[PDB]
Amino acid sequence: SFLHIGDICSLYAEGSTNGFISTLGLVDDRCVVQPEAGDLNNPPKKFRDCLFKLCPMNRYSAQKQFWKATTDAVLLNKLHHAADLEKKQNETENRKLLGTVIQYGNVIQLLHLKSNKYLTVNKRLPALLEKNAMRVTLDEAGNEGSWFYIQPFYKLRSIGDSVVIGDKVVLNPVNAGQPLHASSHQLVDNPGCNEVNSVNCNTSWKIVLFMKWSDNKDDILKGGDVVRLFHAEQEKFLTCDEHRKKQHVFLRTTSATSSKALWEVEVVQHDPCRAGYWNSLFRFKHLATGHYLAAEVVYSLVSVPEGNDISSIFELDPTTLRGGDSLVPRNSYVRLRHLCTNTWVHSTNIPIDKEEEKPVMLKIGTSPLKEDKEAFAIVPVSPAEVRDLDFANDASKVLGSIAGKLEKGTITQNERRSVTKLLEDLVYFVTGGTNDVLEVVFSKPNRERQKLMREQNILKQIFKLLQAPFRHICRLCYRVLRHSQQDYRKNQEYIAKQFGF
């Protein structure tokens with residue numbers, strides 16, 4: 001099979017350091033290669049971080065100029081609409097290439113899915129761990145440091161050959177200089193990370209295909225798509241959480257959308273590659289714990305830690321529009337069959353939090369008999385909100401990591417700049433935006449973003465940031481809490497007791 005504009009796929013390094021390209025959550029623009037995190041036959045855990053969309057060469061000349069600045073211009077109004085009309089033109093053209101095969105010697109732009117940001121090689125900036133390599137970042141806008149020559153690796157495959165799935169390449173920057181080097185230099189802060197960069201080298205990149213543009217379309221069920229699972233009859237979402245230090249699979253008693261109810265669809269494939277549909281098999285990986293949904297004891301819903309085993313494999317049966325010929329599933333209600341143990345899903349009236357009054361945890365098992373009402377809705381989850389989530393839980397630990405340092409000792413000069421800048425960015429988030437963005441300053445708030453703060457401990461870190469310049473940051477903590485709190489009793493109260501505690 002060939003590679004085509006709009007395919008999603010991972011990138012694994014070869015030679016000096018075989019690794020899978022990855023990134024540090026959302027706040028950081030750093031690119032990394034964790035060598036002993038996983039290999040090709042057994043992928044690293046949070047694999048949704050290693051995927052890229054293939055985009056064609058973007059027309060960046062007009063947008064590049066617009067950003068040039070410390071200056072005054074009244075026609076910035078013209079220039080910005082000139083960059084925007086170029087920006088959509090780029091969109092239209094790149095979308096007209098959906099389906100075209102990219103051959104060797106083309107120029108392409110790697111797009112990092114999780115972040116919705118491009119690969120970016122800064123010819124003016126040398127990499128921070130490798131003395132002689134140009135720095136590489138993740139720029140949402142992109143630029144000439146996003147243009148990449150795809151050059152053949154084995155003389156076997158010539159230039160102007162069609163680049164075939166599983167081929168090794170040289171991802172050479174067009175003007176920015178030398179090939180993407182998977183360096184052999186380890187980051188201080190990070191145990192499992194070797195960094196990447198642009199310097200003369202012999203690093204070869206293998207391309208493993210996740211999904212073809214052909215399957216990239218919606219709202220058809222998809223390989224890596226994230227979903228919420230809603231029991232129609234029961235009116236409770238399938239969540240998964242630790243109760244009394246134990247991972248439980250249960251219903252929680254559409255308005256209330258938790259963060260521990262987030263399932264990452266997988267469709268089973270011979271290779272570790274990513275609709276599929278009715279005649280297909282699946283597993284379900286939680287977003288909090290890498291844990292997998294499985295049935296093992298007639299049986300019950302356990303949370304197995306990895307998806308290498310049959311017990312974690314289910315398969316979907318449609319209804320009431322059944323029997324359903326094999327075809328892409330379309331965000332519709334299904335009955336779930338465990339081919340492995342041979343039973344259908346059946347919820348229960350049995351609680352897990354047995355002592356708690358009005359218990360919020362209904363246990364679920366599996367019974368052989370089919371149930372007319374016993375079917376869930378595969379309820380889709382916007383990728384934008386998923387980003388928000390990982391951005392949110394991602395920044396949580398940053399605060400969590402940094403607050404514990406003021407706790408014991410003090411904070412370094414550079415360590416401050418981050419939280420100072422990060423905090424203000426967390427406001428644009430909670431205020432909502434953005435595109436200066438003064439309108440976004442005036443902009444209304446997201447209750448759904450507010451949902452997150454207490455849910456991902458964001459609030460809990462500001463309070464725990466008060467343990468011990470600081471006149472600005474300690475002062476700057478004040479914008480956020482209030483921004484979060486309004487119009488929401490739940491937060492207003494949560495914070496109220498937190499200030500009381």
# chains A, B, ... in the order shown; residues from 1 in each chain; ligands from 1
call {"tool": "closest_atom_pairs", "arguments": {"of": "segment 245-359 of chain A", "to": "segment 221-228 of chain A", "cutoff": "6 Å", "atoms": "only C-alpha atoms", "output": "JSON lines"}}
result
{"residue": "A:262", "atom": "CA", "partner": "A:228", "partner_atom": "CA", "distance": 5.5}
{"residue": "A:263", "atom": "CA", "partner": "A:227", "partner_atom": "CA", "distance": 5.3}
{"residue": "A:264", "atom": "CA", "partner": "A:226", "partner_atom": "CA", "distance": 4.5}
{"residue": "A:265", "atom": "CA", "partner": "A:224", "partner_atom": "CA", "distance": 5.6}
{"residue": "A:266", "atom": "CA", "partner": "A:223", "partner_atom": "CA", "distance": 5.3}
{"residue": "A:267", "atom": "CA", "partner": "A:223", "partner_atom": "CA", "distance": 5.6}
{"residue": "A:274", "atom": "CA", "partner": "A:223", "partner_atom": "CA", "distance": 5.1}
{"residue": "A:275", "atom": "CA", "partner": "A:222", "partner_atom": "CA", "distance": 4.3}
{"residue": "A:329", "atom": "CA", "partner": "A:221", "partner_atom": "CA", "distance": 5.2}
{"residue": "A:330", "atom": "CA", "partner": "A:221", "partner_atom": "CA", "distance": 5.7}
call {"tool": "residues_around", "arguments": {"residues": "residue 236 of chain A", "least_positions_apart": "6", "cutoff": "12 Å", "atoms": "only C-alpha atoms", "output": "list in words"}}
result
residues 228, 229, 230, 250, 251, 252, 253, 254, 255, 256, 257, 258, 261, 347, 348, 360, 361, 362, 363, 364, 375, 376 and 377 of chain A
call {"tool": "residues_around", "arguments": {"residues": "residue 124 of chain A", "least_positions_apart": "4", "cutoff": "12 Å", "atoms": "only C-alpha atoms", "output": "list in words"}}
result
residues 120, 132, 133, 134, 135, 136, 145, 175, 176, 177 and 198 of chain A
call {"tool": "select_by_dssp", "arguments": {"residues": "segment 75-292 of chain A", "states": "strand (DSSP E or B)", "output": "NGL selection string"}}
result
:A and (101 or 103 or 107-112 or 117-126 or 134-139 or 148-152 or 162 or 164 or 168-173 or 180-186 or 194-198 or 204-211 or 226-231 or 236-242 or 247-252 or 262-267 or 281-286 or 292)
call {"tool": "closest_residue", "arguments": {"among": "A:290, A:152, A:368, A:160", "to": "residue 47 of chain A", "atoms": "only C-alpha atoms"}}
result
A:290
call {"tool": "residues_around", "arguments": {"residues": "segment 21-35 of chain A", "least_positions_apart": "3", "cutoff": "9 Å", "atoms": "only C-alpha atoms", "output": "PDB file with N, CA, C and O atoms, in the first residue's frame"}}
result
ATOM      1  N   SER A  10       2.212   6.940  12.463  1.00  0.00           N
ATOM      2  CA  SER A  10       3.292   7.119  13.416  1.00  0.00           C
ATOM      3  C   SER A  10       4.645   7.181  12.725  1.00  0.00           C
ATOM      4  O   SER A  10       4.749   6.935  11.509  1.00  0.00           O
ATOM      5  N   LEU A  11       5.673   7.501  13.517  1.00  0.00           N
ATOM      6  CA  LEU A  11       7.050   7.593  13.040  1.00  0.00           C
ATOM      7  C   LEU A  11       8.037   6.976  14.016  1.00  0.00           C
ATOM      8  O   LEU A  11       8.196   7.449  15.146  1.00  0.00           O
ATOM      9  N   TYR A  12       8.701   5.921  13.557  1.00  0.00           N
ATOM     10  CA  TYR A  12       9.662   5.182  14.366  1.00  0.00           C
ATOM     11  C   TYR A  12      11.043   5.343  13.785  1.00  0.00           C
ATOM     12  O   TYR A  12      11.244   5.106  12.597  1.00  0.00           O
ATOM     13  N   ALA A  13      11.986   5.737  14.639  1.00  0.00           N
ATOM     14  CA  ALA A  13      13.377   5.966  14.261  1.00  0.00           C
ATOM     15  C   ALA A  13      14.156   4.665  14.117  1.00  0.00           C
ATOM     16  O   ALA A  13      13.811   3.658  14.742  1.00  0.00           O
ATOM     17  N   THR A  17      19.462   5.249  17.375  1.00  0.00           N
ATOM     18  CA  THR A  17      18.422   5.148  18.382  1.00  0.00           C
ATOM     19  C   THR A  17      17.089   4.853  17.717  1.00  0.00           C
ATOM     20  O   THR A  17      16.469   5.734  17.127  1.00  0.00           O
ATOM     21  N   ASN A  18      16.655   3.604  17.801  1.00  0.00           N
ATOM     22  CA  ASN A  18      15.336   3.262  17.334  1.00  0.00           C
ATOM     23  C   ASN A  18      14.357   3.818  18.344  1.00  0.00           C
ATOM     24  O   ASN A  18      14.410   3.453  19.517  1.00  0.00           O
ATOM     25  N   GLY A  38       8.747   1.743  24.349  1.00  0.00           N
ATOM     26  CA  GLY A  38       8.110   0.652  23.611  1.00  0.00           C
ATOM     27  C   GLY A  38       8.796   0.428  22.272  1.00  0.00           C
ATOM     28  O   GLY A  38       9.476   1.323  21.749  1.00  0.00           O
ATOM     29  N   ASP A  39       8.622  -0.768  21.711  1.00  0.00           N
ATOM     30  CA  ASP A  39       9.108  -1.044  20.345  1.00  0.00           C
ATOM     31  C   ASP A  39       7.914  -1.190  19.369  1.00  0.00           C
ATOM     32  O   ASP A  39       6.739  -0.971  19.758  1.00  0.00           O
ATOM     33  N   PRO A  44       4.387   1.844  22.591  1.00  0.00           N
ATOM     34  CA  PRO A  44       4.329   2.604  23.836  1.00  0.00           C
ATOM     35  C   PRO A  44       2.883   2.862  24.231  1.00  0.00           C
ATOM     36  O   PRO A  44       1.987   2.802  23.386  1.00  0.00           O
ATOM     37  N   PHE A  47       0.027   6.124  22.904  1.00  0.00           N
ATOM     38  CA  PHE A  47       0.417   6.114  21.501  1.00  0.00           C
ATOM     39  C   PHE A  47      -0.263   7.231  20.705  1.00  0.00           C
ATOM     40  O   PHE A  47       0.213   7.612  19.639  1.00  0.00           O
ATOM     41  N   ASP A  49      -0.073  10.053  21.044  1.00  0.00           N
ATOM     42  CA  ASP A  49       0.845  11.180  21.070  1.00  0.00           C
ATOM     43  C   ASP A  49       1.877  11.086  19.932  1.00  0.00           C
ATOM     44  O   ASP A  49       2.607  12.045  19.659  1.00  0.00           O
ATOM     45  N   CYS A  50       1.917   9.937  19.257  1.00  0.00           N
ATOM     46  CA  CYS A  50       2.946   9.654  18.253  1.00  0.00           C
ATOM     47  C   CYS A  50       2.421   9.737  16.821  1.00  0.00           C
ATOM     48  O   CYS A  50       3.112   9.350  15.879  1.00  0.00           O
ATOM     49  N   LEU A  51       1.208  10.252  16.657  1.00  0.00           N
ATOM     50  CA  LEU A  51       0.549  10.227  15.366  1.00  0.00           C
ATOM     51  C   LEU A  51       0.624  11.551  14.656  1.00  0.00           C
ATOM     52  O   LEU A  51       0.653  12.609  15.286  1.00  0.00           O
ATOM     53  N   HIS A 112       1.186  17.048  13.893  1.00  0.00           N
ATOM     54  CA  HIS A 112       1.051  16.283  15.108  1.00  0.00           C
ATOM     55  C   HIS A 112      -0.379  16.331  15.587  1.00  0.00           C
ATOM     56  O   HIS A 112      -0.858  17.378  16.009  1.00  0.00           O
ATOM     57  N   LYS A 114      -2.388  14.992  18.261  1.00  0.00           N
ATOM     58  CA  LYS A 114      -2.798  15.315  19.624  1.00  0.00           C
ATOM     59  C   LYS A 114      -2.785  16.817  19.897  1.00  0.00           C
ATOM     60  O   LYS A 114      -3.671  17.331  20.556  1.00  0.00           O
ATOM     61  N   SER A 115      -1.790  17.509  19.350  1.00  0.00           N
ATOM     62  CA  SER A 115      -1.576  18.928  19.607  1.00  0.00           C
ATOM     63  C   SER A 115      -2.176  19.840  18.547  1.00  0.00           C
ATOM     64  O   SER A 115      -2.215  21.054  18.723  1.00  0.00           O
ATOM     65  N   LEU A 119       5.299  19.987  12.818  1.00  0.00           N
ATOM     66  CA  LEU A 119       6.733  19.944  13.118  1.00  0.00           C
ATOM     67  C   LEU A 119       7.368  21.234  12.612  1.00  0.00           C
ATOM     68  O   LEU A 119       6.998  21.739  11.553  1.00  0.00           O
ATOM     69  N   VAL A 136      13.931  22.084  17.020  1.00  0.00           N
ATOM     70  CA  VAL A 136      12.686  21.670  16.400  1.00  0.00           C
ATOM     71  C   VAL A 136      11.552  21.832  17.402  1.00  0.00           C
ATOM     72  O   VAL A 136      11.657  21.392  18.549  1.00  0.00           O
ATOM     73  N   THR A 137      10.484  22.491  16.965  1.00  0.00           N
ATOM     74  CA  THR A 137       9.330  22.778  17.811  1.00  0.00           C
ATOM     75  C   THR A 137       8.027  22.310  17.165  1.00  0.00           C
ATOM     76  O   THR A 137       8.022  21.792  16.037  1.00  0.00           O
ATOM     77  N   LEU A 138       6.927  22.488  17.904  1.00  0.00           N
ATOM     78  CA  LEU A 138       5.573  22.224  17.395  1.00  0.00           C
ATOM     79  C   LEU A 138       4.756  23.515  17.241  1.00  0.00           C
ATOM     80  O   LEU A 138       4.107  23.965  18.191  1.00  0.00           O
ATOM     81  N   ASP A 139       4.780  24.092  16.039  1.00  0.00           N
ATOM     82  CA  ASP A 139       4.099  25.356  15.763  1.00  0.00           C
ATOM     83  C   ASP A 139       2.724  25.122  15.132  1.00  0.00           C
ATOM     84  O   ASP A 139       2.633  24.512  14.064  1.00  0.00           O
ATOM     85  N   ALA A 182      17.185  11.924  15.009  1.00  0.00           N
ATOM     86  CA  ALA A 182      16.867  11.347  16.294  1.00  0.00           C
ATOM     87  C   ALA A 182      18.198  11.271  17.020  1.00  0.00           C
ATOM     88  O   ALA A 182      19.019  10.395  16.746  1.00  0.00           O
ATOM     89  N   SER A 183      18.421  12.224  17.918  1.00  0.00           N
ATOM     90  CA  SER A 183      19.687  12.319  18.619  1.00  0.00           C
ATOM     91  C   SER A 183      19.779  11.277  19.725  1.00  0.00           C
ATOM     92  O   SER A 183      18.787  10.623  20.072  1.00  0.00           O
ATOM     93  N   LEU A 187      17.252  13.994  27.942  1.00  0.00           N
ATOM     94  CA  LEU A 187      16.803  15.153  28.693  1.00  0.00           C
ATOM     95  C   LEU A 187      17.016  14.910  30.175  1.00  0.00           C
ATOM     96  O   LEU A 187      16.851  13.787  30.659  1.00  0.00           O
ATOM     97  N   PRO A 191      13.277  10.884  32.197  1.00  0.00           N
ATOM     98  CA  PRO A 191      13.916   9.574  32.179  1.00  0.00           C
ATOM     99  C   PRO A 191      13.866   8.860  30.828  1.00  0.00           C
ATOM    100  O   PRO A 191      14.898   8.375  30.357  1.00  0.00           O
ATOM    101  N   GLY A 192      12.691   8.796  30.210  1.00  0.00           N
ATOM    102  CA  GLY A 192      12.528   7.987  29.013  1.00  0.00           C
ATOM    103  C   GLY A 192      12.528   8.783  27.738  1.00  0.00           C
ATOM    104  O   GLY A 192      11.793   8.467  26.827  1.00  0.00           O
ATOM    105  N   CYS A 193      13.365   9.806  27.660  1.00  0.00           N
ATOM    106  CA  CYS A 193      13.324  10.658  26.500  1.00  0.00           C
ATOM    107  C   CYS A 193      14.675  11.020  25.890  1.00  0.00           C
ATOM    108  O   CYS A 193      15.538  11.570  26.568  1.00  0.00           O
ATOM    109  N   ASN A 194      14.840  10.688  24.609  1.00  0.00           N
ATOM    110  CA  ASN A 194      15.942  11.186  23.781  1.00  0.00           C
ATOM    111  C   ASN A 194      15.340  12.251  22.886  1.00  0.00           C
ATOM    112  O   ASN A 194      14.256  12.055  22.351  1.00  0.00           O
ATOM    113  N   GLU A 195      16.009  13.384  22.720  1.00  0.00           N
ATOM    114  CA  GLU A 195      15.411  14.455  21.919  1.00  0.00           C
ATOM    115  C   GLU A 195      15.695  14.347  20.409  1.00  0.00           C
ATOM    116  O   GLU A 195      16.510  13.529  19.978  1.00  0.00           O
ATOM    117  N   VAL A 196      15.016  15.181  19.622  1.00  0.00           N
ATOM    118  CA  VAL A 196      15.147  15.179  18.166  1.00  0.00           C
ATOM    119  C   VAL A 196      15.658  16.532  17.707  1.00  0.00           C
ATOM    120  O   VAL A 196      15.604  17.490  18.474  1.00  0.00           O
ATOM    121  N   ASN A 197      16.143  16.617  16.467  1.00  0.00           N
ATOM    122  CA  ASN A 197      16.664  17.881  15.921  1.00  0.00           C
ATOM    123  C   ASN A 197      17.156  17.828  14.471  1.00  0.00           C
ATOM    124  O   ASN A 197      17.089  16.783  13.825  1.00  0.00           O
ATOM    125  N   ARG A 387      -8.301  17.709  23.448  1.00  0.00           N
ATOM    126  CA  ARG A 387      -7.105  18.533  23.584  1.00  0.00           C
ATOM    127  C   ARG A 387      -7.145  19.352  24.861  1.00  0.00           C
ATOM    128  O   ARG A 387      -6.193  19.340  25.644  1.00  0.00           O
ATOM    129  N   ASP A 390      -6.316  17.046  27.828  1.00  0.00           N
ATOM    130  CA  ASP A 390      -4.913  16.715  27.989  1.00  0.00           C
ATOM    131  C   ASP A 390      -4.100  17.956  28.266  1.00  0.00           C
ATOM    132  O   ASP A 390      -3.101  17.885  28.961  1.00  0.00           O
ATOM    133  N   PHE A 391      -4.528  19.091  27.725  1.00  0.00           N
ATOM    134  CA  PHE A 391      -3.901  20.355  28.073  1.00  0.00           C
ATOM    135  C   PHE A 391      -4.131  20.652  29.549  1.00  0.00           C
ATOM    136  O   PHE A 391      -3.262  21.202  30.230  1.00  0.00           O
ATOM    137  N   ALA A 392      -5.307  20.273  30.034  1.00  0.00           N
ATOM    138  CA  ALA A 392      -5.698  20.553  31.402  1.00  0.00           C
ATOM    139  C   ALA A 392      -4.997  19.655  32.403  1.00  0.00           C
ATOM    140  O   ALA A 392      -4.396  20.140  33.363  1.00  0.00           O
ATOM    141  N   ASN A 393      -5.071  18.347  32.177  1.00  0.00           N
ATOM    142  CA  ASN A 393      -4.415  17.391  33.055  1.00  0.00           C
ATOM    143  C   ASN A 393      -2.893  17.481  32.908  1.00  0.00           C
ATOM    144  O   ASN A 393      -2.130  17.116  33.814  1.00  0.00           O
ATOM    145  N   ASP A 394      -2.473  18.000  31.759  1.00  0.00           N
ATOM    146  CA  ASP A 394      -1.062  18.153  31.419  1.00  0.00           C
ATOM    147  C   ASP A 394      -0.432  19.290  32.203  1.00  0.00           C
ATOM    148  O   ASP A 394       0.708  19.181  32.671  1.00  0.00           O
ATOM    149  N   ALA A 395      -1.179  20.382  32.328  1.00  0.00           N
ATOM    150  CA  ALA A 395      -0.722  21.541  33.080  1.00  0.00           C
ATOM    151  C   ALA A 395      -0.876  21.303  34.580  1.00  0.00           C
ATOM    152  O   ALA A 395      -0.164  21.908  35.390  1.00  0.00           O
ATOM    153  N   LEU A 422       2.690  30.460  31.918  1.00  0.00           N
ATOM    154  CA  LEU A 422       1.705  29.392  31.849  1.00  0.00           C
ATOM    155  C   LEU A 422       0.375  29.812  32.459  1.00  0.00           C
ATOM    156  O   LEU A 422      -0.684  29.574  31.880  1.00  0.00           O
TER     157      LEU A 422
END
call {"tool": "residues_around", "arguments": {"residues": "residue 146 of chain A", "least_positions_apart": "6", "cutoff": "8 Å", "atoms": "only C-alpha atoms", "output": "MDAnalysis selection string"}}
result
chainID A and resid 108:110 118:121 173
call {"tool": "write_last_selection", "arguments": {"atoms": "N, CA and C atoms", "output": "PDB file, in the first residue's frame"}}
result
ATOM      1  N   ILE A 108       6.352  17.784   2.127  1.00  0.00           N
ATOM      2  CA  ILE A 108       5.192  17.575   2.981  1.00  0.00           C
ATOM      3  C   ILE A 108       5.405  18.152   4.365  1.00  0.00           C
ATOM      4  N   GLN A 109       4.306  18.321   5.091  1.00  0.00           N
ATOM      5  CA  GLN A 109       4.356  18.884   6.428  1.00  0.00           C
ATOM      6  C   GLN A 109       3.788  17.880   7.398  1.00  0.00           C
ATOM      7  N   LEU A 110       4.590  17.508   8.381  1.00  0.00           N
ATOM      8  CA  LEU A 110       4.102  16.583   9.386  1.00  0.00           C
ATOM      9  C   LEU A 110       3.179  17.361  10.309  1.00  0.00           C
ATOM     10  N   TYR A 118       2.103  21.528  13.819  1.00  0.00           N
ATOM     11  CA  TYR A 118       3.086  21.023  12.857  1.00  0.00           C
ATOM     12  C   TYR A 118       4.469  20.801  13.474  1.00  0.00           C
ATOM     13  N   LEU A 119       5.299  19.987  12.818  1.00  0.00           N
ATOM     14  CA  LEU A 119       6.733  19.944  13.118  1.00  0.00           C
ATOM     15  C   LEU A 119       7.368  21.234  12.612  1.00  0.00           C
ATOM     16  N   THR A 120       8.323  21.767  13.360  1.00  0.00           N
ATOM     17  CA  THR A 120       8.908  23.053  13.018  1.00  0.00           C
ATOM     18  C   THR A 120      10.397  23.073  13.343  1.00  0.00           C
ATOM     19  N   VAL A 121      11.222  23.292  12.324  1.00  0.00           N
ATOM     20  CA  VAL A 121      12.678  23.327  12.507  1.00  0.00           C
ATOM     21  C   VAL A 121      13.264  24.750  12.426  1.00  0.00           C
ATOM     22  N   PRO A 173      14.467  18.843   5.999  1.00  0.00           N
ATOM     23  CA  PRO A 173      13.886  20.185   5.859  1.00  0.00           C
ATOM     24  C   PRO A 173      14.249  20.794   4.502  1.00  0.00           C
TER      25      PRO A 173
END
call {"tool": "atom_distance", "arguments": {"atom1": "atom CA of residue 302 of chain A", "atom2": "atom CA of residue 385 of chain A"}}
result
27.2 Å
call {"tool": "select_by_dssp", "arguments": {"residues": "segment 206-333 of chain A", "states": "alpha helix (DSSP H)", "output": "tab-separated table (two decimals) with C-alpha atoms, in the first residue's frame"}}
result
chain	number	residue	atom	x	y	z
A	213	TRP	CA	-7.55	9.59	4.41
A	214	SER	CA	-10.15	7.12	3.14
A	215	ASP	CA	-11.02	6.29	6.76
A	216	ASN	CA	-10.26	9.79	8.12
call {"tool": "residues_around", "arguments": {"residues": "residue 341 of chain A", "least_positions_apart": "5", "cutoff": "10 Å", "atoms": "only C-alpha atoms", "output": "list in words"}}
result
residues 295, 296, 298, 299, 310, 311, 313, 314, 366 and 368 of chain A
call {"tool": "write_last_selection", "arguments": {"atoms": "C-alpha atoms", "output": "compact mmCIF listing (two decimals), in the first residue's frame"}}
result
# COMPACT_ATOMS: atom_id res chain seq x y z
CA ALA A 295 -14.64 -9.52 30.90
CA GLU A 296 -13.30 -12.26 33.19
CA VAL A 298 -21.49 -15.46 34.52
CA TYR A 299 -18.79 -12.80 34.04
CA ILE A 310 -8.60 -11.87 24.32
CA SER A 311 -10.70 -11.02 27.39
CA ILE A 313 -11.75 -7.98 22.97
CA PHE A 314 -15.39 -7.26 22.28
CA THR A 366 -22.32 -10.08 31.20
CA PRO A 368 -25.73 -14.84 27.55
call {"tool": "residues_around", "arguments": {"residues": "residue 419 of chain A", "least_positions_apart": "4", "cutoff": "9 Å", "atoms": "only C-alpha atoms", "output": "PyMOL selection string"}}
result
chain A and resi 398-399+402+415+423-424+473
call {"tool": "write_last_selection", "arguments": {"atoms": "C-alpha atoms", "output": "mmCIF file, in the first residue's frame"}}
result
data_model
loop_
_atom_site.group_PDB
_atom_site.id
_atom_site.type_symbol
_atom_site.label_atom_id
_atom_site.label_comp_id
_atom_site.auth_asym_id
_atom_site.auth_seq_id
_atom_site.Cartn_x
_atom_site.Cartn_y
_atom_site.Cartn_z
ATOM 1 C CA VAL A 398 3.182 21.048 35.880
ATOM 2 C CA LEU A 399 1.654 23.060 38.705
ATOM 3 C CA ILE A 402 6.326 23.003 40.592
ATOM 4 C CA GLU A 415 11.302 27.962 36.745
ATOM 5 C CA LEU A 423 -0.775 30.831 34.334
ATOM 6 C CA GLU A 424 -1.811 33.659 32.013
ATOM 7 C CA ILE A 473 2.337 35.534 40.290
#
call {"tool": "closest_residue", "arguments": {"among": "A:463, A:442, A:153, A:292", "to": "residue 496 of chain A", "atoms": "only C-alpha atoms"}}
result
A:463
call {"tool": "atom_distance", "arguments": {"atom1": "atom CA of residue 100 of chain A", "atom2": "atom CA of residue 1 of chain A"}}
result
12.8 Å
call {"tool": "atom_distance", "arguments": {"atom1": "atom CA of residue 210 of chain A", "atom2": "atom CA of residue 94 of chain A"}}
result
19.6 Å
call {"tool": "closest_atom_pairs", "arguments": {"of": "segment 355-447 of chain A", "to": "segment 467-471 of chain A", "cutoff": "9 Å", "atoms": "only C-alpha atoms", "output": "JSON lines"}}
result
{"residue": "A:403", "atom": "CA", "partner": "A:467", "partner_atom": "CA", "distance": 8.3}
{"residue": "A:406", "atom": "CA", "partner": "A:468", "partner_atom": "CA", "distance": 6.2}
{"residue": "A:407", "atom": "CA", "partner": "A:467", "partner_atom": "CA", "distance": 6.2}
{"residue": "A:410", "atom": "CA", "partner": "A:468", "partner_atom": "CA", "distance": 8.6}
{"residue": "A:416", "atom": "CA", "partner": "A:469", "partner_atom": "CA", "distance": 8.5}
{"residue": "A:420", "atom": "CA", "partner": "A:469", "partner_atom": "CA", "distance": 8.9}
